[PDB]
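In structure tokens, the next block holds one chain alone, the form deposited in one PDB entry.
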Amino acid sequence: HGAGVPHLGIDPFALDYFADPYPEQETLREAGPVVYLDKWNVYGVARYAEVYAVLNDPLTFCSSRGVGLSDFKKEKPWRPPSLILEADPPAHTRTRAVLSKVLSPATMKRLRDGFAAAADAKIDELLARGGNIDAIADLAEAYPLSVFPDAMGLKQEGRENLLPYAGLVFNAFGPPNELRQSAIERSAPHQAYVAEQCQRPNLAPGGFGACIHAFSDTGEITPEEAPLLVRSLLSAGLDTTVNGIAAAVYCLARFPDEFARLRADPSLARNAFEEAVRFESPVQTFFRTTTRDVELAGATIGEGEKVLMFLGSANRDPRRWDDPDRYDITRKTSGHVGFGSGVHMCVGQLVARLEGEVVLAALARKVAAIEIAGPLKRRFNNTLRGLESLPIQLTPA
């Protein structure tokens, strides 16, 4: 295995790596376009060129064998494969089409005012207590926990267990380590509870959930698939959105001159969030599995091989980005892989962007200055990058 390519001892699932990932991500890029990780016996690609290429060759680098370390072809799935994320065309085309229609631009346009109003109120609220708050619990998590479940049609009370439930999702794409084991145990007590809220009788009319269920009535999807697709949105959208808003606030808080540009021109809100996604990519990695013997950037990769993609690294590859390590809210961000690329490119990106834009717009208008006011605590996850705590001080406009 790994014949003809550079072998490395880098551990992409170690907490030491998660705590300070950039130096090693650079090592991965400089070693070659294709490397082999001896600690896990899997191939890896960290440059923008190859990551983009692989993501856009869904036939060759499939997702139906799992986007995690396990090969669902060779091994009986230890967890049920996602009917959307871990499906290849044409199956994927069918379930994707439903979600794509439900999370359309027209839908976002209808939700915009409500999302903005909630954002403005949240910021006024935070300022009222004083600027001294935790950007994670009080904003990165609080804001989406309000508007996202609302748009989904989930009940108002008991949202306290959505994150505990959602923590399993992306950790499950990693090996059976302590992070994985802890997320499973933390999620267990809420599994049945959250699944129940995704059944048709429990969804508020008009929300994402109810609209998805309507597709059961026509035949596009079965009554059994419907609640699973609904739950997939929650799973795929909670930690990612929290980490996304967290990254944007973290970036603007650490680089005051960029927040100054934003305040001077609030219309940069959407791009400041997009740049935050490129710079501090919520979804750092995940796998694809080869379905045939292939040639990739000079390397020979056999069929049935797991390939680990580093989206964060691709988003900071100097071969593609000028001054990659600089957070620039006016940067031309088009092309970054923070939401992936190709047939699987985040079907929920418009929702995520709406939320992010709206939060940063409220900040740009209501806050005069932002500063980190205490020790930062990073949230460790097998495939995601995020913060557990970020004390900051918001100065009123």
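Whichever C-alpha set is largest while still superposing within 1.5 Å between the two forms counts as the rigid core. Numbers for residues come from their place in the sequence shown, where the first is 1.
This protein has a second form, the form deposited in another entry, left out of what is shown; the following refers to that one.
Superposing the two forms on their core leaves just one of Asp217, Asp323, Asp257, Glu157 with a Cα displacement of at least 2 Å between the shown form and the other one, namely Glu157.
Shown in the overlay between the shown form and the other one, fitted on the rigid core, is a CA shift at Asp293 smaller than 2 Å. With the core held fixed between the shown form and the other one, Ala188 has its Cα displaced by at least 2 Å.
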